[PDB]
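*Asks:* Starting off with a structure, shown below.
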Amino acid sequence: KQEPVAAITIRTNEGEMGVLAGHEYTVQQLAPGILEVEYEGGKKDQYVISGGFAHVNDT
Amino acid sequence: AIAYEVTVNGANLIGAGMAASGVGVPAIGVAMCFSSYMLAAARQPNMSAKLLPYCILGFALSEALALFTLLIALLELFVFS
Amino acid sequence: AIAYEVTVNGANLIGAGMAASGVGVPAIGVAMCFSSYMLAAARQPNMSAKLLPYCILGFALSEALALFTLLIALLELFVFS
Amino acid sequence: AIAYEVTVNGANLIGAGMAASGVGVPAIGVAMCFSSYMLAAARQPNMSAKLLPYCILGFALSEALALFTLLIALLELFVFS
Amino acid sequence: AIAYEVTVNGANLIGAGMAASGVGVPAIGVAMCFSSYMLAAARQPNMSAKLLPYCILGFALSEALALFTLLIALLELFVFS
Amino acid sequence: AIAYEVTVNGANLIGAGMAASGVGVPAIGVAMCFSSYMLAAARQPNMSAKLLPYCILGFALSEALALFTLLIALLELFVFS
Amino acid sequence: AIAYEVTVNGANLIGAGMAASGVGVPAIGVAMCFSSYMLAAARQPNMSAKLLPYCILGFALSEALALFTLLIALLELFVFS
Amino acid sequence: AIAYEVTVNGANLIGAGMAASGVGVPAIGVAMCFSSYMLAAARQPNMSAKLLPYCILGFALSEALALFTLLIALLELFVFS
Amino acid sequence: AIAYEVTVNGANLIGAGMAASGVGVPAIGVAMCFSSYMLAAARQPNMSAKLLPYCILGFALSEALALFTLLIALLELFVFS
Amino acid sequence: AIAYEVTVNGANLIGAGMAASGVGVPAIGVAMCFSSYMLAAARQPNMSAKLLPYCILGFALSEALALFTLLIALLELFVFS
Amino acid sequence: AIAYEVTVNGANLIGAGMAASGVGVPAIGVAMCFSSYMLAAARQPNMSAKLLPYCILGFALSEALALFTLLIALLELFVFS
């Protein structure tokens, strides 16, 4: 819930995407697979997912 | 052998046509430089201010080659006989 | 060597037909500007008012080379002997 | 040098064949403008009416250079000797 | 100088091939007009009819340039000596 | 002034190849139209039927200019000496 | 005027290379046709069978103009002396 | 009229390099073919194997046109005197 | 065979425009280098810095070729007779 | 008629530049072959390893023409007087 | 026939402007590679390291041909009479 994070890498139907702060406003599906996350401390967190919808914002 | 030195004054204007033919090619980069800005500000209004100097940069440095082509057009004629 | 000065008058009108070929080349870049303007206006119609100033500029400056490319053909005949 | 003036009347007719070749290259910009109007309507149908004056404007000014290019090849022949 | 009028009669036929090179160029715009109509129709079948007007107008006033170029390529031949 | 009428038999066959350059340019517009039909079927296969007439039609409209550019090529040789 | 008919045997061959410039242009429409079929089946493999007919039809119809582009040179050389 | 039969042996070679100019044109269809297969693979790894034959088909049938475009120049020099 | 050496001063001013016609082409890549950066900025503004070294790198080298393309036109005249 | 055979040593070089014009065109095929491998690799890094075979080949065969195009110009001079 | 061996020194310089037309074309493939790396970097910043080898490499192999495209232009003047 509203954690500060440095970066995130999704898997979608069109392909594999990555996101940073102030990425372009977009919304899209999530392919059934893995999701990578990278905090500001250099560590990582992987989550297996079952579909979904990513909602990225310009803010 | 036999030596002939020929000076074709009609060549004073034949190169200018081919030079003028390429004057309009950099235009292809002008709108392409502007188009990316139009989409960019659409995709992100917040960044429209920071991208405009680079549209001006690539625009002027694209139009410079047409400038020097027109310079060739002027130099081919107004100094040569 | 023998010295032959030759002057081809027919070339006064050839290079105008060569420079004419480049007058249609800015057309694709002139159309490209409005072509991308429609896409950015569709992505964010509220930016259309913000975008048409950044659209007419290159639209003229892409068309401007055509004038520079077309004036040559106009300048090539009515002044040359 | 010895002075040979040569007036080539066939040169009056060849150059138009080049200007005529410049009449095709603006057509792609016309199709680019209407292709943009179609994709924009597919992106924003209700916007199609407010984007139409810019489609007609890019159509007209894209056709303008084609018109001058077409004008030259005819102005090359029926007046020149 | 010595005055040499030279009338080149094979030049009646060379230039017609030059224009003939350009007669194919509007073809690349033809499908550009229909392709968007295809994709926009696939993107929005409800707008299939409302863009067919500019689907025909983009071909008509694009093929008109090809027709003019072809009218030059034939006009250049069947009258000029 | 002096008057030399020159009739060139070789000009029968050179400009013919100048026409052949315009014969390949419609092929890209044809494949563009087929590609548009393909991607249209990729987006909406049920709309493949309503869109196929626009593909069968636009192909022939692209191929007509290829036929004309070929017509000038073949008409340039078998009649002109 | 004085009448000179010239028969140029080198004109037998120059235009051949001109047509040769256009022999590779259809290959881009070929690659565009196969590229379109690739991405189409990449979006709809089930429909790949119903798109293969137009994937080979576009190859045939591009090869037809490629063969004509070669036909003009082959007719320009193998018979004309 | 007077009949001047001229044989231009340098025309053996001038058409050669013109034929060479179209030798690089197929390379764009080549790289477009492998590019499209690359994107179709990324879009769908499972369909990588089905699209490979169609990815070699236009690749080598474009090389057939490139081979002929080089064969013209190779057959132009060392057989014609 | 009779040996005839000829020196053409007309060709000093002709190749200049021949090289000038190619000076327009790198300008497209210039905007192509900027255009990507623009979208790359809007897609990920944090990468705006990381891609600016790649922008000037792709830009200057493009213009470097244009300089070379321009350089020949400069070298063709002010030293050659 | 009269038989005038001519050997043009200048024609040993005229076609060379046109062959050289085709030398830079396959360079697009290089980047077009590499750029896809970049983008698809970004879309699926885990698959990039098995996409490299399609990157080396399209470049390699793109160079096959590029060298053969560079072959003739190099062959155009040193064997032909 | 009557054998006129002719050596045209003007042809020493004409091709210099011809090959220059080929110098500008690889410049677009430079930005075609840099735009590739740019978009792939915005696609996945962490993959920026793995695609960088193919960027400069893809540029070099393009610029290399430009050098050869430039090499003849420098080999055309500094040695040939």
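By convention in this document, the chains of the structure tokens carry letters A, B, ... by their order, each chain's residues are numbered from 1, and ligands are numbered from 1 in the order they are shown.
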Could you fit chain H onto chain D by least squares over every C-alpha atom, paired in order, and give me the moved chain as an mmCIF file with N, CA, C and O atoms, in the first residue's frame?

*Replies:*
```cif
data_model
loop_
_atom_site.group_PDB
_atom_site.id
_atom_site.type_symbol
_atom_site.label_atom_id
_atom_site.label_comp_id
_atom_site.auth_asym_id
_atom_site.auth_seq_id
_atom_site.Cartn_x
_atom_site.Cartn_y
_atom_site.Cartn_z
ATOM 1 N N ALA H 1 40.336 31.771 -77.721
ATOM 2 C CA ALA H 1 39.370 30.687 -77.841
ATOM 3 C C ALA H 1 38.305 31.036 -78.873
ATOM 4 O O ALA H 1 38.141 32.202 -79.233
ATOM 5 N N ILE H 2 37.585 30.018 -79.338
ATOM 6 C CA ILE H 2 36.487 30.190 -80.283
ATOM 7 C C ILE H 2 35.183 30.136 -79.503
ATOM 8 O O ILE H 2 35.043 29.353 -78.554
ATOM 9 N N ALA H 3 34.224 30.966 -79.908
ATOM 10 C CA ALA H 3 32.968 31.152 -79.189
ATOM 11 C C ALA H 3 31.848 30.510 -79.995
ATOM 12 O O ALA H 3 31.446 31.036 -81.038
ATOM 13 N N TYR H 4 31.353 29.371 -79.514
ATOM 14 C CA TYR H 4 30.265 28.641 -80.158
ATOM 15 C C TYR H 4 28.998 28.899 -79.350
ATOM 16 O O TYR H 4 28.812 28.333 -78.271
ATOM 17 N N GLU H 5 28.122 29.750 -79.878
ATOM 18 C CA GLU H 5 26.819 29.989 -79.269
ATOM 19 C C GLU H 5 25.836 28.968 -79.826
ATOM 20 O O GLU H 5 25.543 28.972 -81.028
ATOM 21 N N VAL H 6 25.331 28.100 -78.951
ATOM 22 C CA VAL H 6 24.446 27.005 -79.327
ATOM 23 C C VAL H 6 23.110 27.180 -78.620
ATOM 24 O O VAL H 6 23.064 27.556 -77.443
ATOM 25 N N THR H 7 22.027 26.909 -79.346
ATOM 26 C CA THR H 7 20.671 26.951 -78.806
ATOM 27 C C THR H 7 20.052 25.578 -79.022
ATOM 28 O O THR H 7 19.829 25.163 -80.165
ATOM 29 N N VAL H 8 19.772 24.884 -77.925
ATOM 30 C CA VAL H 8 19.277 23.513 -77.953
ATOM 31 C C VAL H 8 17.769 23.566 -77.741
ATOM 32 O O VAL H 8 17.299 23.826 -76.629
ATOM 33 N N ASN H 9 17.005 23.321 -78.809
ATOM 34 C CA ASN H 9 15.552 23.419 -78.721
ATOM 35 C C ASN H 9 14.923 22.191 -78.075
ATOM 36 O O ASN H 9 13.858 22.304 -77.457
ATOM 37 N N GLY H 10 15.564 21.025 -78.176
ATOM 38 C CA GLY H 10 15.066 19.860 -77.465
ATOM 39 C C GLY H 10 15.108 20.011 -75.960
ATOM 40 O O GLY H 10 14.336 19.349 -75.253
ATOM 41 N N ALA H 11 15.943 20.921 -75.453
ATOM 42 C CA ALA H 11 15.955 21.231 -74.030
ATOM 43 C C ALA H 11 14.660 21.887 -73.586
ATOM 44 O O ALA H 11 14.406 21.969 -72.380
ATOM 45 N N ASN H 12 13.849 22.366 -74.534
ATOM 46 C CA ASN H 12 12.505 22.811 -74.208
ATOM 47 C C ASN H 12 11.715 21.706 -73.526
ATOM 48 O O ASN H 12 10.918 21.983 -72.624
ATOM 49 N N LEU H 13 11.950 20.449 -73.916
ATOM 50 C CA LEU H 13 11.092 19.343 -73.522
ATOM 51 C C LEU H 13 11.714 18.393 -72.511
ATOM 52 O O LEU H 13 10.975 17.789 -71.728
ATOM 53 N N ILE H 14 13.040 18.332 -72.424
ATOM 54 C CA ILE H 14 13.658 17.338 -71.553
ATOM 55 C C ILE H 14 13.438 17.712 -70.097
ATOM 56 O O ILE H 14 13.172 16.848 -69.254
ATOM 57 N N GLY H 15 13.539 19.001 -69.779
ATOM 58 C CA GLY H 15 13.232 19.443 -68.435
ATOM 59 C C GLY H 15 11.769 19.311 -68.070
ATOM 60 O O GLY H 15 11.435 19.358 -66.882
ATOM 61 N N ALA H 16 10.887 19.144 -69.061
ATOM 62 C CA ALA H 16 9.464 19.035 -68.753
ATOM 63 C C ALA H 16 9.170 17.753 -67.987
ATOM 64 O O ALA H 16 8.636 17.787 -66.872
ATOM 65 N N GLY H 17 9.557 16.607 -68.548
ATOM 66 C CA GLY H 17 9.244 15.346 -67.902
ATOM 67 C C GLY H 17 9.976 15.169 -66.591
ATOM 68 O O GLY H 17 9.478 14.495 -65.685
ATOM 69 N N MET H 18 11.137 15.808 -66.446
ATOM 70 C CA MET H 18 11.801 15.807 -65.151
ATOM 71 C C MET H 18 10.938 16.522 -64.126
ATOM 72 O O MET H 18 10.695 15.998 -63.031
ATOM 73 N N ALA H 19 10.388 17.679 -64.506
ATOM 74 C CA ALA H 19 9.420 18.353 -63.651
ATOM 75 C C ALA H 19 8.216 17.466 -63.386
ATOM 76 O O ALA H 19 7.578 17.584 -62.333
ATOM 77 N N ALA H 20 7.888 16.571 -64.319
ATOM 78 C CA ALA H 20 6.720 15.729 -64.123
ATOM 79 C C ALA H 20 6.978 14.680 -63.050
ATOM 80 O O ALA H 20 6.033 14.224 -62.394
ATOM 81 N N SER H 21 8.246 14.305 -62.836
ATOM 82 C CA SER H 21 8.541 13.210 -61.914
ATOM 83 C C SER H 21 8.141 13.557 -60.486
ATOM 84 O O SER H 21 7.681 12.689 -59.734
ATOM 85 N N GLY H 22 8.303 14.816 -60.095
ATOM 86 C CA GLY H 22 7.866 15.268 -58.792
ATOM 87 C C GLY H 22 6.389 15.554 -58.662
ATOM 88 O O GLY H 22 5.955 16.019 -57.605
ATOM 89 N N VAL H 23 5.595 15.284 -59.700
ATOM 90 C CA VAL H 23 4.164 15.566 -59.622
ATOM 91 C C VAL H 23 3.449 14.552 -58.737
ATOM 92 O O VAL H 23 2.447 14.882 -58.095
ATOM 93 N N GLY H 24 3.940 13.316 -58.683
ATOM 94 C CA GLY H 24 3.336 12.285 -57.861
ATOM 95 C C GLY H 24 3.806 12.249 -56.428
ATOM 96 O O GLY H 24 3.227 11.531 -55.608
ATOM 97 N N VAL H 25 4.851 13.015 -56.111
ATOM 98 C CA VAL H 25 5.392 13.008 -54.749
ATOM 99 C C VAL H 25 4.386 13.523 -53.726
ATOM 100 O O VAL H 25 4.253 12.902 -52.662
ATOM 101 N N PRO H 26 3.654 14.621 -53.957
ATOM 102 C CA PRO H 26 2.651 15.061 -52.963
ATOM 103 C C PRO H 26 1.561 14.044 -52.645
ATOM 104 O O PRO H 26 0.922 14.160 -51.589
ATOM 105 N N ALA H 27 1.286 13.095 -53.541
ATOM 106 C CA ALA H 27 0.177 12.167 -53.337
ATOM 107 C C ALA H 27 0.351 11.341 -52.069
ATOM 108 O O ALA H 27 -0.638 10.949 -51.433
ATOM 109 N N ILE H 28 1.595 11.082 -51.671
ATOM 110 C CA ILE H 28 1.827 10.371 -50.421
ATOM 111 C C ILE H 28 1.468 11.245 -49.229
ATOM 112 O O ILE H 28 0.887 10.761 -48.255
ATOM 113 N N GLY H 29 1.790 12.540 -49.278
ATOM 114 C CA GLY H 29 1.315 13.428 -48.229
ATOM 115 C C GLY H 29 -0.195 13.533 -48.200
ATOM 116 O O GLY H 29 -0.800 13.613 -47.128
ATOM 117 N N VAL H 30 -0.829 13.398 -49.361
ATOM 118 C CA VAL H 30 -2.288 13.415 -49.426
ATOM 119 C C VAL H 30 -2.844 12.220 -48.662
ATOM 120 O O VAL H 30 -3.670 12.357 -47.739
ATOM 121 N N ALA H 31 -2.440 11.025 -49.084
ATOM 122 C CA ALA H 31 -3.001 9.828 -48.485
ATOM 123 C C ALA H 31 -2.585 9.701 -47.029
ATOM 124 O O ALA H 31 -3.350 9.171 -46.223
ATOM 125 N N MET H 32 -1.408 10.218 -46.659
ATOM 126 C CA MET H 32 -1.026 10.249 -45.253
ATOM 127 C C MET H 32 -1.941 11.167 -44.464
ATOM 128 O O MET H 32 -2.277 10.870 -43.314
ATOM 129 N N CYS H 33 -2.389 12.261 -45.081
ATOM 130 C CA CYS H 33 -3.264 13.193 -44.383
ATOM 131 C C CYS H 33 -4.598 12.534 -44.080
ATOM 132 O O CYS H 33 -5.062 12.523 -42.928
ATOM 133 N N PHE H 34 -5.220 11.953 -45.105
ATOM 134 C CA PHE H 34 -6.502 11.298 -44.859
ATOM 135 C C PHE H 34 -6.339 10.048 -44.004
ATOM 136 O O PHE H 34 -7.239 9.719 -43.225
ATOM 137 N N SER H 35 -5.200 9.364 -44.096
ATOM 138 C CA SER H 35 -4.952 8.219 -43.229
ATOM 139 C C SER H 35 -4.895 8.640 -41.772
ATOM 140 O O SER H 35 -5.488 7.992 -40.900
ATOM 141 N N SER H 36 -4.203 9.742 -41.495
ATOM 142 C CA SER H 36 -4.082 10.209 -40.126
ATOM 143 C C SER H 36 -5.425 10.670 -39.599
ATOM 144 O O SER H 36 -5.749 10.444 -38.430
ATOM 145 N N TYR H 37 -6.230 11.304 -40.451
ATOM 146 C CA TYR H 37 -7.556 11.696 -39.997
ATOM 147 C C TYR H 37 -8.419 10.469 -39.741
ATOM 148 O O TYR H 37 -9.228 10.457 -38.809
ATOM 149 N N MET H 38 -8.245 9.420 -40.545
ATOM 150 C CA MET H 38 -8.994 8.185 -40.340
ATOM 151 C C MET H 38 -8.660 7.556 -38.992
ATOM 152 O O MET H 38 -9.556 7.171 -38.228
ATOM 153 N N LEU H 39 -7.367 7.447 -38.681
ATOM 154 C CA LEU H 39 -6.982 6.879 -37.391
ATOM 155 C C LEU H 39 -7.377 7.786 -36.234
ATOM 156 O O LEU H 39 -7.765 7.295 -35.169
ATOM 157 N N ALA H 40 -7.279 9.104 -36.406
ATOM 158 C CA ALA H 40 -7.709 10.007 -35.347
ATOM 159 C C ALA H 40 -9.217 9.952 -35.142
ATOM 160 O O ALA H 40 -9.704 10.218 -34.038
ATOM 161 N N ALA H 41 -9.965 9.603 -36.189
ATOM 162 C CA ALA H 41 -11.404 9.420 -36.056
ATOM 163 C C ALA H 41 -11.724 8.132 -35.314
ATOM 164 O O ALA H 41 -12.568 8.116 -34.411
ATOM 165 N N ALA H 42 -11.068 7.035 -35.697
ATOM 166 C CA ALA H 42 -11.277 5.773 -34.994
ATOM 167 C C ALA H 42 -10.877 5.889 -33.529
ATOM 168 O O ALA H 42 -11.571 5.375 -32.643
ATOM 169 N N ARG H 43 -9.759 6.559 -33.262
ATOM 170 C CA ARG H 43 -9.310 6.775 -31.892
ATOM 171 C C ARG H 43 -10.327 7.591 -31.103
ATOM 172 O O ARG H 43 -10.526 7.359 -29.905
ATOM 173 N N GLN H 44 -10.982 8.545 -31.762
ATOM 174 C CA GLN H 44 -11.890 9.475 -31.091
ATOM 175 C C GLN H 44 -12.921 9.950 -32.099
ATOM 176 O O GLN H 44 -12.709 10.943 -32.808
ATOM 177 N N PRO H 45 -14.055 9.252 -32.207
ATOM 178 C CA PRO H 45 -15.145 9.762 -33.055
ATOM 179 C C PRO H 45 -15.632 11.150 -32.676
ATOM 180 O O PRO H 45 -16.059 11.902 -33.560
ATOM 181 N N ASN H 46 -15.587 11.514 -31.392
ATOM 182 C CA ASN H 46 -16.106 12.814 -30.979
ATOM 183 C C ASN H 46 -15.296 13.955 -31.579
ATOM 184 O O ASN H 46 -15.853 15.014 -31.891
ATOM 185 N N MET H 47 -13.989 13.761 -31.749
ATOM 186 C CA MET H 47 -13.102 14.774 -32.300
ATOM 187 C C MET H 47 -12.996 14.702 -33.820
ATOM 188 O O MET H 47 -12.083 15.300 -34.398
ATOM 189 N N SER H 48 -13.914 13.993 -34.479
ATOM 190 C CA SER H 48 -13.852 13.876 -35.931
ATOM 191 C C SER H 48 -14.034 15.233 -36.599
ATOM 192 O O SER H 48 -13.342 15.554 -37.571
ATOM 193 N N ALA H 49 -14.951 16.050 -36.081
ATOM 194 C CA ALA H 49 -15.291 17.305 -36.742
ATOM 195 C C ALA H 49 -14.231 18.381 -36.539
ATOM 196 O O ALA H 49 -14.035 19.218 -37.426
ATOM 197 N N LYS H 50 -13.538 18.382 -35.398
ATOM 198 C CA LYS H 50 -12.530 19.410 -35.156
ATOM 199 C C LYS H 50 -11.297 19.217 -36.027
ATOM 200 O O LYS H 50 -10.620 20.196 -36.361
ATOM 201 N N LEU H 51 -10.977 17.977 -36.381
ATOM 202 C CA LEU H 51 -9.773 17.675 -37.141
ATOM 203 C C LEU H 51 -9.976 17.736 -38.650
ATOM 204 O O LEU H 51 -8.990 17.672 -39.392
ATOM 205 N N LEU H 52 -11.213 17.863 -39.120
ATOM 206 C CA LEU H 52 -11.494 17.882 -40.551
ATOM 207 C C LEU H 52 -10.923 19.124 -41.237
ATOM 208 O O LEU H 52 -10.391 19.006 -42.352
ATOM 209 N N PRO H 53 -11.021 20.327 -40.647
ATOM 210 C CA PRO H 53 -10.385 21.485 -41.300
ATOM 211 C C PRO H 53 -8.890 21.322 -41.474
ATOM 212 O O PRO H 53 -8.354 21.645 -42.539
ATOM 213 N N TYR H 54 -8.198 20.817 -40.453
ATOM 214 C CA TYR H 54 -6.774 20.542 -40.580
ATOM 215 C C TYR H 54 -6.499 19.345 -41.480
ATOM 216 O O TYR H 54 -5.360 19.167 -41.924
ATOM 217 N N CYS H 55 -7.517 18.531 -41.762
ATOM 218 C CA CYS H 55 -7.396 17.429 -42.703
ATOM 219 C C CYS H 55 -7.609 17.861 -44.146
ATOM 220 O O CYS H 55 -7.156 17.164 -45.061
ATOM 221 N N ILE H 56 -8.253 19.006 -44.366
ATOM 222 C CA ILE H 56 -8.393 19.576 -45.703
ATOM 223 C C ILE H 56 -7.297 20.604 -45.961
ATOM 224 O O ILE H 56 -6.903 20.832 -47.113
ATOM 225 N N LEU H 57 -6.765 21.197 -44.890
ATOM 226 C CA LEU H 57 -5.788 22.267 -45.036
ATOM 227 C C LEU H 57 -4.511 21.770 -45.697
ATOM 228 O O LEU H 57 -4.118 22.262 -46.761
ATOM 229 N N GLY H 58 -3.858 20.775 -45.096
ATOM 230 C CA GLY H 58 -2.677 20.235 -45.735
ATOM 231 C C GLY H 58 -2.981 19.464 -46.997
ATOM 232 O O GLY H 58 -2.136 19.415 -47.890
ATOM 233 N N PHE H 59 -4.210 18.967 -47.134
ATOM 234 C CA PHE H 59 -4.612 18.246 -48.337
ATOM 235 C C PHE H 59 -4.553 19.163 -49.552
ATOM 236 O O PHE H 59 -3.852 18.887 -50.541
ATOM 237 N N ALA H 60 -5.113 20.358 -49.412
ATOM 238 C CA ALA H 60 -5.185 21.254 -50.551
ATOM 239 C C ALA H 60 -3.952 22.128 -50.655
ATOM 240 O O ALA H 60 -3.588 22.535 -51.762
ATOM 241 N N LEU H 61 -3.275 22.410 -49.545
ATOM 242 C CA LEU H 61 -2.031 23.155 -49.634
ATOM 243 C C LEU H 61 -0.881 22.276 -50.119
ATOM 244 O O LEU H 61 0.123 22.808 -50.604
ATOM 245 N N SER H 62 -1.005 20.946 -50.004
ATOM 246 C CA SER H 62 -0.133 20.038 -50.740
ATOM 247 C C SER H 62 -0.503 20.017 -52.214
ATOM 248 O O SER H 62 0.375 19.949 -53.088
ATOM 249 N N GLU H 63 -1.805 20.077 -52.515
ATOM 250 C CA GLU H 63 -2.188 20.136 -53.921
ATOM 251 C C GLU H 63 -1.733 21.436 -54.567
ATOM 252 O O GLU H 63 -1.540 21.477 -55.781
ATOM 253 N N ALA H 64 -1.576 22.504 -53.789
ATOM 254 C CA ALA H 64 -1.015 23.738 -54.333
ATOM 255 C C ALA H 64 0.423 23.536 -54.804
ATOM 256 O O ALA H 64 0.809 24.003 -55.886
ATOM 257 N N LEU H 65 1.214 22.779 -54.038
ATOM 258 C CA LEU H 65 2.570 22.464 -54.468
ATOM 259 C C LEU H 65 2.557 21.533 -55.668
ATOM 260 O O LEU H 65 3.390 21.664 -56.570
ATOM 261 N N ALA H 66 1.606 20.602 -55.709
ATOM 262 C CA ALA H 66 1.543 19.693 -56.848
ATOM 263 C C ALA H 66 1.138 20.454 -58.105
ATOM 264 O O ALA H 66 1.667 20.212 -59.199
ATOM 265 N N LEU H 67 0.213 21.396 -57.946
ATOM 266 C CA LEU H 67 -0.198 22.265 -59.035
ATOM 267 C C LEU H 67 0.977 23.069 -59.565
ATOM 268 O O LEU H 67 1.137 23.205 -60.775
ATOM 269 N N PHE H 68 1.775 23.663 -58.676
ATOM 270 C CA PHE H 68 2.956 24.392 -59.139
ATOM 271 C C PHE H 68 3.968 23.465 -59.813
ATOM 272 O O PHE H 68 4.586 23.830 -60.827
ATOM 273 N N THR H 69 4.112 22.241 -59.295
ATOM 274 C CA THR H 69 5.026 21.270 -59.890
ATOM 275 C C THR H 69 4.576 20.855 -61.283
ATOM 276 O O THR H 69 5.405 20.447 -62.104
ATOM 277 N N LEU H 70 3.280 20.963 -61.568
ATOM 278 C CA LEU H 70 2.782 20.707 -62.914
ATOM 279 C C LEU H 70 2.767 21.977 -63.750
ATOM 280 O O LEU H 70 2.934 21.917 -64.976
ATOM 281 N N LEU H 71 2.589 23.123 -63.096
ATOM 282 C CA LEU H 71 2.575 24.404 -63.779
ATOM 283 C C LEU H 71 3.925 24.691 -64.397
ATOM 284 O O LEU H 71 4.002 25.347 -65.436
ATOM 285 N N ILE H 72 4.999 24.200 -63.778
ATOM 286 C CA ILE H 72 6.328 24.438 -64.333
ATOM 287 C C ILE H 72 6.449 23.755 -65.690
ATOM 288 O O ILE H 72 6.858 24.367 -66.684
ATOM 289 N N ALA H 73 6.041 22.488 -65.764
ATOM 290 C CA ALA H 73 6.110 21.759 -67.024
ATOM 291 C C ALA H 73 5.141 22.327 -68.053
ATOM 292 O O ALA H 73 5.468 22.409 -69.244
ATOM 293 N N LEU H 74 3.942 22.721 -67.620
ATOM 294 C CA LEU H 74 2.977 23.295 -68.555
ATOM 295 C C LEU H 74 3.444 24.643 -69.097
ATOM 296 O O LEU H 74 3.237 24.943 -70.279
ATOM 297 N N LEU H 75 4.079 25.460 -68.262
ATOM 298 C CA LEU H 75 4.641 26.731 -68.693
ATOM 299 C C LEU H 75 6.004 26.576 -69.352
ATOM 300 O O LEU H 75 6.567 27.571 -69.816
ATOM 301 N N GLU H 76 6.547 25.363 -69.403
ATOM 302 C CA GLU H 76 7.863 25.151 -69.982
ATOM 303 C C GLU H 76 7.819 24.984 -71.494
ATOM 304 O O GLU H 76 8.751 25.418 -72.180
ATOM 305 N N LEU H 77 6.749 24.398 -72.030
ATOM 306 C CA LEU H 77 6.724 23.964 -73.425
ATOM 307 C C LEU H 77 6.113 25.004 -74.360
ATOM 308 O O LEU H 77 6.765 25.461 -75.303
ATOM 309 N N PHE H 78 4.866 25.386 -74.107
ATOM 310 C CA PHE H 78 4.074 26.118 -75.086
ATOM 311 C C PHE H 78 4.314 27.623 -75.070
ATOM 312 O O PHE H 78 3.612 28.343 -75.788
ATOM 313 N N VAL H 79 5.271 28.112 -74.275
ATOM 314 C CA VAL H 79 5.665 29.514 -74.279
ATOM 315 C C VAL H 79 7.108 29.688 -74.735
ATOM 316 O O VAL H 79 7.432 30.663 -75.423
ATOM 317 N N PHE H 80 7.986 28.759 -74.366
ATOM 318 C CA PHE H 80 9.360 28.771 -74.845
ATOM 319 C C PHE H 80 9.432 28.121 -76.219
ATOM 320 O O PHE H 80 8.864 27.047 -76.438
ATOM 321 N N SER H 81 10.130 28.773 -77.142
ATOM 322 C CA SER H 81 10.238 28.277 -78.509
ATOM 323 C C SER H 81 11.196 27.092 -78.581
ATOM 324 O O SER H 81 10.905 26.014 -78.066
#
```

*Asks:* Using DSSP on the backbone coordinates, identify the residues of chain E assigned to strand (DSSP E or B); present them as a VMD selection string.

*Replies:* chain E and resid 2 to 8

*Asks:* Which residues of chain A have any atom within 10 Å of an atom in chain I when counting only C-alpha atoms, and what is the closest pair of atoms for each, with the distance in Å to one decimal? Order the rows by chain and rising number and write it as CSV.

*Replies:*
```
residue,atom,partner,partner_atom,distance
A:18,CA,I:44,CA,9.3
A:19,CA,I:44,CA,7.3
A:20,CA,I:44,CA,6.4
A:21,CA,I:46,CA,6.8
A:22,CA,I:45,CA,6.7
A:23,CA,I:44,CA,5.0
A:24,CA,I:43,CA,5.0
A:25,CA,I:43,CA,8.7
A:26,CA,I:43,CA,9.9
A:58,CA,I:42,CA,9.3
```

*Asks:* Go ahead and save the picked residues with N, CA, C and O atoms, as a short mmCIF file (atom, residue, chain, number, x, y, z; two decimals), in the first residue's frame.

*Replies:*
```cif
data_model
loop_
_atom_site.label_atom_id
_atom_site.label_comp_id
_atom_site.auth_asym_id
_atom_site.auth_seq_id
_atom_site.Cartn_x
_atom_site.Cartn_y
_atom_site.Cartn_z
N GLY A 18 8.98 -2.02 -18.61
CA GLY A 18 9.58 -1.49 -17.41
C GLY A 18 9.11 -0.07 -17.19
O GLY A 18 8.69 0.62 -18.12
N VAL A 19 9.18 0.37 -15.93
CA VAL A 19 8.58 1.63 -15.51
C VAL A 19 9.50 2.33 -14.53
O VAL A 19 10.21 1.69 -13.75
N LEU A 20 9.48 3.66 -14.57
CA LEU A 20 10.20 4.50 -13.62
C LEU A 20 9.26 5.62 -13.18
O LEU A 20 8.08 5.65 -13.56
N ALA A 21 9.79 6.54 -12.38
CA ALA A 21 9.00 7.67 -11.90
C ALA A 21 8.53 8.54 -13.06
O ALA A 21 9.29 8.82 -13.99
N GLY A 22 7.27 8.95 -13.00
CA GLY A 22 6.70 9.80 -14.04
C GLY A 22 6.67 9.17 -15.41
O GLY A 22 6.80 9.87 -16.41
N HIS A 23 6.51 7.85 -15.48
CA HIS A 23 6.30 7.19 -16.75
C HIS A 23 5.00 7.70 -17.38
O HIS A 23 4.12 8.22 -16.70
N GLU A 24 4.92 7.58 -18.70
CA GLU A 24 3.76 8.05 -19.44
C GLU A 24 2.49 7.37 -18.93
O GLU A 24 2.50 6.19 -18.58
N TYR A 25 1.41 8.14 -18.89
CA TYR A 25 0.11 7.63 -18.45
C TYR A 25 -0.32 6.45 -19.30
O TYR A 25 -0.41 6.56 -20.52
N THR A 26 -0.57 5.31 -18.66
CA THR A 26 -1.00 4.15 -19.42
C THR A 26 -1.75 3.19 -18.51
O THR A 26 -1.71 3.28 -17.28
N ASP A 58 1.11 9.72 -14.98
CA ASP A 58 2.15 10.70 -15.27
C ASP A 58 2.71 11.34 -14.01
O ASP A 58 3.89 11.71 -13.97
#
```
